[PDB]
Amino acid sequence: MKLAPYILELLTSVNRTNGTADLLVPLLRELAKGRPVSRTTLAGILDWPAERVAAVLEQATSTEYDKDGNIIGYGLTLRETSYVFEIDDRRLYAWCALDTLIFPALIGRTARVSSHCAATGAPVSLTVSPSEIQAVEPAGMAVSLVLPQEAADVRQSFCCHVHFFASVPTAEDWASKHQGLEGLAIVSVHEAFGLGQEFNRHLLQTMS
Ligand SMILES: [Br-]
């Protein structure tokens with residue numbers, strides 16, 4: 001549908017803290033290897049002062065850490081979620097449905113994505129490559145969107161309301177019960193993948 005309001009707010013959230021975009025893509029690529037990522041490793045890859053890496057990360061209040069303070073989750077995560085993101089036989093996870101559609105282009109890999117419909121519990125799965133989706137099951141799979149909020153916890157304000165559904169009508173029935181969610185909208189998974197492509201396009205512009 002008319003997804004400009006979502007594109008816009010998603011970008012404002014990345015652009016809100018300088019360096020977030022420059023750090024995101026390298027971190028996603030390293031996490032995609034399936035192992036925890038240290039702050040020092042990230043500094044090395046970015047050629048940034050440690051102080052700089054640390055400031056960006058402190059603004060990203062949903063970031064997940066392990067027992068050593070290594071990064072293990074930033075959209076893409078090693079900690080189990082409802083969104084399975086498998087790349088060459090490494091099972092990783094994503095914070096939400098839209099993340100699984102965005103990451104393949106950013107890490108340059110095709111992913112076997114699977115979840116369950118948030119309305120009915122039905123299995124859903126698809127193959128997401130940098131350019132396209134395939135093997136969409138069910139064909140009519142849908143995604144919920146809400147509007148991102150400034151200075152709100154990203155996982156609790158956005159990611160946790162952005163689900164896969166077995167169909168648009170199934171998703172729309174569900175949405176009619178959750179109209180308190182700001183900007184709640186239902187789109188097809190193809191529309192959501194398109195939204196991810198526009199996000200990624202703008203993101204790569206923001207980068208140095
Ligand atoms: Br609009």
# chains A, B, ... in the order shown; residues from 1 in each chain; ligands from 1
>>> select_by_dssp(residues="range 8-198 of chain A", states="strand (DSSP E)", output="PyMOL selection string")
chain A and resi 64-65+71-74+76-77+83-87+90-94+111-116+123-128+133-137+142-145+164-165+185-188
>>> closest_atom_pairs(of="range 121-206 of chain A", to="range 86-98 of chain A", cutoff="12 Å", atoms="only C-alpha atoms", output="Markdown table")
| residue | atom | partner | partner_atom | distance |
| --- | --- | --- | --- | --- |
| A:124 | CA | A:97 | CA | 10.9 |
| A:125 | CA | A:97 | CA | 10.9 |
| A:126 | CA | A:86 | CA | 10.8 |
| A:127 | CA | A:86 | CA | 9.5 |
| A:128 | CA | A:86 | CA | 10.1 |
| A:129 | CA | A:87 | CA | 10.5 |
| A:141 | CA | A:97 | CA | 11.1 |
| A:142 | CA | A:97 | CA | 9.6 |
| A:143 | CA | A:97 | CA | 6.9 |
| A:144 | CA | A:97 | CA | 8.3 |
| A:145 | CA | A:98 | CA | 8.4 |
| A:146 | CA | A:98 | CA | 11.0 |
| A:154 | CA | A:95 | CA | 9.8 |
| A:155 | CA | A:95 | CA | 7.2 |
| A:156 | CA | A:95 | CA | 10.3 |
| A:157 | CA | A:96 | CA | 11.6 |
| A:158 | CA | A:96 | CA | 8.6 |
| A:159 | CA | A:96 | CA | 5.1 |
| A:160 | CA | A:96 | CA | 6.7 |
| A:161 | CA | A:96 | CA | 8.0 |
| A:162 | CA | A:96 | CA | 5.7 |
| A:163 | CA | A:97 | CA | 5.1 |
| A:164 | CA | A:97 | CA | 5.8 |
| A:165 | CA | A:97 | CA | 9.6 |
| A:187 | CA | A:98 | CA | 11.1 |
| A:188 | CA | A:98 | CA | 11.4 |
| A:189 | CA | A:98 | CA | 8.9 |
| A:190 | CA | A:98 | CA | 11.0 |
| A:191 | CA | A:98 | CA | 10.6 |
| A:192 | CA | A:98 | CA | 6.8 |
| A:193 | CA | A:98 | CA | 7.6 |
| A:194 | CA | A:98 | CA | 10.3 |
| A:195 | CA | A:98 | CA | 8.6 |
| A:196 | CA | A:98 | CA | 7.0 |
| A:197 | CA | A:98 | CA | 10.6 |
| A:199 | CA | A:98 | CA | 10.5 |
| A:200 | CA | A:98 | CA | 11.7 |
>>> write_last_selection(atoms="N, CA and C atoms", output="compact mmCIF listing (two decimals), in the first residue's frame")
# COMPACT_ATOMS: atom_id res chain seq x y z
N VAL A 124 4.62 -20.84 8.42
CA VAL A 124 4.87 -20.02 7.24
C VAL A 124 6.36 -20.11 6.93
N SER A 125 6.69 -20.07 5.63
CA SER A 125 8.08 -20.12 5.21
C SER A 125 8.24 -19.53 3.83
N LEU A 126 9.45 -19.04 3.56
CA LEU A 126 9.79 -18.47 2.28
C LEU A 126 11.30 -18.40 2.15
N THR A 127 11.75 -18.24 0.91
CA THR A 127 13.15 -18.08 0.61
C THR A 127 13.37 -16.64 0.19
N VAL A 128 14.27 -15.97 0.88
CA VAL A 128 14.53 -14.54 0.66
C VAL A 128 15.95 -14.34 0.17
N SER A 129 16.09 -13.83 -1.05
CA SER A 129 17.41 -13.56 -1.59
C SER A 129 17.56 -12.05 -1.68
N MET A 141 0.71 -15.15 2.17
CA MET A 141 1.37 -14.64 3.38
C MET A 141 1.38 -13.12 3.46
N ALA A 142 1.13 -12.65 4.68
CA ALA A 142 1.03 -11.25 5.01
C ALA A 142 1.96 -10.88 6.13
N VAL A 143 2.15 -9.58 6.30
CA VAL A 143 3.01 -9.00 7.34
C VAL A 143 2.25 -7.84 7.98
N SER A 144 2.32 -7.71 9.30
CA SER A 144 1.84 -6.50 9.97
C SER A 144 2.96 -5.46 10.13
N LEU A 145 2.58 -4.18 9.99
CA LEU A 145 3.48 -3.05 10.18
C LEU A 145 2.88 -2.15 11.25
N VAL A 146 3.73 -1.49 12.03
CA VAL A 146 3.25 -0.39 12.89
C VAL A 146 4.21 0.77 12.64
N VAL A 154 12.99 -0.26 20.57
CA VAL A 154 12.63 -0.67 19.21
C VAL A 154 11.98 -2.04 19.18
N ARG A 155 12.45 -2.95 20.03
CA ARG A 155 11.86 -4.28 20.02
C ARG A 155 10.46 -4.28 20.59
N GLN A 156 10.26 -3.51 21.65
CA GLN A 156 8.96 -3.48 22.31
C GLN A 156 7.95 -2.55 21.59
N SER A 157 8.42 -1.53 20.88
CA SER A 157 7.49 -0.62 20.18
C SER A 157 7.26 -0.99 18.71
N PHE A 158 8.21 -1.67 18.09
CA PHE A 158 8.09 -1.99 16.67
C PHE A 158 8.16 -3.51 16.43
N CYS A 159 9.31 -4.09 16.72
CA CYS A 159 9.56 -5.45 16.25
C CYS A 159 8.52 -6.42 16.74
N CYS A 160 8.06 -6.24 17.98
CA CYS A 160 7.17 -7.23 18.55
C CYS A 160 5.75 -7.15 18.00
N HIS A 161 5.47 -6.20 17.10
CA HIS A 161 4.15 -6.12 16.47
C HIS A 161 4.20 -6.38 14.96
N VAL A 162 5.37 -6.77 14.46
CA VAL A 162 5.62 -6.93 13.04
C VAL A 162 5.81 -8.44 12.81
N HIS A 163 4.71 -9.07 12.43
CA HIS A 163 4.60 -10.54 12.38
C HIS A 163 4.34 -11.01 10.97
N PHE A 164 4.52 -12.30 10.73
CA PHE A 164 3.97 -12.97 9.57
C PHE A 164 2.58 -13.52 9.88
N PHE A 165 1.76 -13.58 8.83
CA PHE A 165 0.42 -14.17 8.91
C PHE A 165 0.19 -15.08 7.72
N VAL A 187 -0.06 -5.72 5.18
CA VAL A 187 0.36 -5.79 3.78
C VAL A 187 0.69 -7.24 3.43
N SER A 188 0.71 -7.54 2.13
CA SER A 188 1.22 -8.81 1.65
C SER A 188 2.71 -8.88 1.89
N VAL A 189 3.25 -10.10 1.97
CA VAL A 189 4.68 -10.26 2.12
C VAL A 189 5.43 -9.67 0.92
N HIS A 190 4.83 -9.64 -0.28
CA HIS A 190 5.51 -9.02 -1.42
C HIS A 190 5.62 -7.49 -1.19
N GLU A 191 4.54 -6.88 -0.68
CA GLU A 191 4.57 -5.46 -0.37
C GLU A 191 5.60 -5.16 0.72
N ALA A 192 5.72 -6.05 1.69
CA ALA A 192 6.68 -5.87 2.77
C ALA A 192 8.10 -6.00 2.24
N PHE A 193 8.31 -6.88 1.28
CA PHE A 193 9.64 -7.07 0.73
C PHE A 193 10.03 -5.81 -0.05
N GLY A 194 9.06 -5.26 -0.76
CA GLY A 194 9.26 -3.97 -1.41
C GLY A 194 9.61 -2.86 -0.46
N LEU A 195 8.96 -2.84 0.69
CA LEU A 195 9.29 -1.85 1.70
C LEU A 195 10.73 -2.01 2.17
N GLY A 196 11.13 -3.26 2.44
CA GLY A 196 12.51 -3.54 2.77
C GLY A 196 13.49 -3.08 1.69
N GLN A 197 13.14 -3.25 0.42
CA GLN A 197 14.04 -2.80 -0.65
C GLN A 197 14.21 -1.28 -0.63
N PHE A 199 13.83 0.62 2.06
CA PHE A 199 14.65 0.87 3.24
C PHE A 199 16.13 0.69 2.93
N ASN A 200 16.46 -0.45 2.35
CA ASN A 200 17.84 -0.75 2.06
C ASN A 200 18.44 0.26 1.09
>>> residues_near_ligand(ligand="ligand 1", cutoff="6 Å", atoms="only C-alpha atoms and all ligand atoms", output="ChimeraX atom specification")
/A:2-5
>>> closest_residue(among="A:135, A:39, A:176, A:100", to="residue 75 in chain A", atoms="only C-alpha atoms")
A:100
>>> atom_distance(atom1="CA of residue 29 in chain A", atom2="CA of residue 107 in chain A")
5.2 Å
>>> select_by_dssp(residues="chain A", states="alpha helix (DSSP H)", output="JSON, numbers by chain")
{"A": [4, 5, 6, 7, 8, 9, 10, 11, 12, 13, 14, 15, 20, 21, 22, 23, 24, 25, 26, 27, 28, 29, 30, 31, 39, 40, 41, 42, 43, 44, 45, 46, 50, 51, 52, 53, 54, 55, 56, 57, 58, 59, 97, 98, 99, 100, 101, 102, 103, 104, 105, 106, 107, 154, 155, 156, 157, 168, 169, 170, 171, 172, 173, 174, 175, 189, 190, 191, 192, 193, 194, 195, 196, 197, 198, 199, 200, 201, 202, 203, 204, 205, 206]}
>>> write_last_selection(atoms="C-alpha atoms", output="compact mmCIF listing (two decimals), in the first residue's frame")
# COMPACT_ATOMS: atom_id res chain seq x y z
CA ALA A 4 5.98 6.07 2.63
CA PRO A 5 5.18 6.74 6.32
CA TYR A 6 6.91 3.50 7.35
CA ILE A 7 9.92 4.02 5.11
CA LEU A 8 10.29 7.51 6.50
CA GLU A 9 10.11 6.61 10.17
CA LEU A 10 12.39 3.58 9.76
CA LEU A 11 15.05 5.79 8.21
CA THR A 12 14.64 8.56 10.77
CA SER A 13 15.36 5.99 13.46
CA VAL A 14 18.61 4.93 11.76
CA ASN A 15 19.57 8.56 10.99
CA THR A 20 24.18 3.78 13.11
CA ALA A 21 23.92 3.00 9.39
CA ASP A 22 27.70 2.77 8.93
CA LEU A 23 27.89 0.29 11.79
CA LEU A 24 24.72 -1.76 10.95
CA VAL A 25 25.77 -3.44 7.73
CA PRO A 26 29.20 -4.54 8.92
CA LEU A 27 27.77 -5.84 12.17
CA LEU A 28 25.03 -7.81 10.32
CA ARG A 29 27.65 -9.41 8.06
CA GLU A 30 29.76 -10.45 11.02
CA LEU A 31 26.76 -11.78 13.00
CA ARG A 39 33.28 -4.34 20.21
CA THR A 40 36.98 -4.49 19.44
CA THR A 41 36.36 -6.62 16.35
CA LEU A 42 33.74 -4.13 15.17
CA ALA A 43 36.12 -1.17 15.67
CA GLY A 44 38.68 -2.98 13.53
CA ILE A 45 36.24 -3.60 10.68
CA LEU A 46 34.92 0.00 10.73
CA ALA A 50 36.48 2.17 20.33
CA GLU A 51 34.85 5.21 21.91
CA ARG A 52 32.87 5.71 18.72
CA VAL A 53 31.67 2.12 18.43
CA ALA A 54 30.57 2.24 22.06
CA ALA A 55 28.52 5.45 21.70
CA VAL A 56 26.52 4.15 18.72
CA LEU A 57 25.84 0.91 20.54
CA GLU A 58 24.66 2.67 23.71
CA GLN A 59 21.98 4.44 21.69
CA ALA A 97 9.18 -10.38 10.09
CA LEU A 98 10.45 -7.31 8.25
CA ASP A 99 14.04 -7.94 9.40
CA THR A 100 14.02 -11.29 7.61
CA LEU A 101 13.10 -9.54 4.36
CA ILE A 102 15.75 -6.78 4.68
CA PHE A 103 18.85 -8.68 5.75
CA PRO A 104 19.54 -10.91 2.72
CA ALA A 105 20.36 -7.93 0.47
CA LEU A 106 22.51 -6.39 3.19
CA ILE A 107 24.59 -9.49 3.89
CA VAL A 154 12.63 -0.67 19.21
CA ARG A 155 11.86 -4.28 20.02
CA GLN A 156 8.96 -3.48 22.31
CA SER A 157 7.49 -0.62 20.18
CA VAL A 168 -4.13 -10.86 4.43
CA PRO A 169 -7.74 -11.58 5.48
CA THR A 170 -6.46 -13.63 8.46
CA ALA A 171 -4.13 -10.79 9.34
CA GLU A 172 -6.89 -8.19 8.88
CA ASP A 173 -9.19 -10.09 11.28
CA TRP A 174 -6.34 -10.09 13.80
CA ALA A 175 -5.65 -6.38 13.22
CA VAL A 189 4.68 -10.26 2.12
CA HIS A 190 5.51 -9.02 -1.42
CA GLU A 191 4.57 -5.46 -0.37
CA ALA A 192 6.68 -5.87 2.77
CA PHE A 193 9.64 -7.07 0.73
CA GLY A 194 9.26 -3.97 -1.41
CA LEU A 195 9.29 -1.85 1.70
CA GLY A 196 12.51 -3.54 2.77
CA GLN A 197 14.04 -2.80 -0.65
CA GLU A 198 13.25 0.89 -0.29
CA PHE A 199 14.65 0.87 3.24
CA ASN A 200 17.84 -0.75 2.06
CA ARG A 201 18.17 1.64 -0.88
CA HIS A 202 17.95 4.66 1.37
CA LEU A 203 20.20 3.03 3.93
CA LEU A 204 23.02 2.50 1.48
CA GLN A 205 22.72 6.27 0.67
CA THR A 206 23.13 7.26 4.31
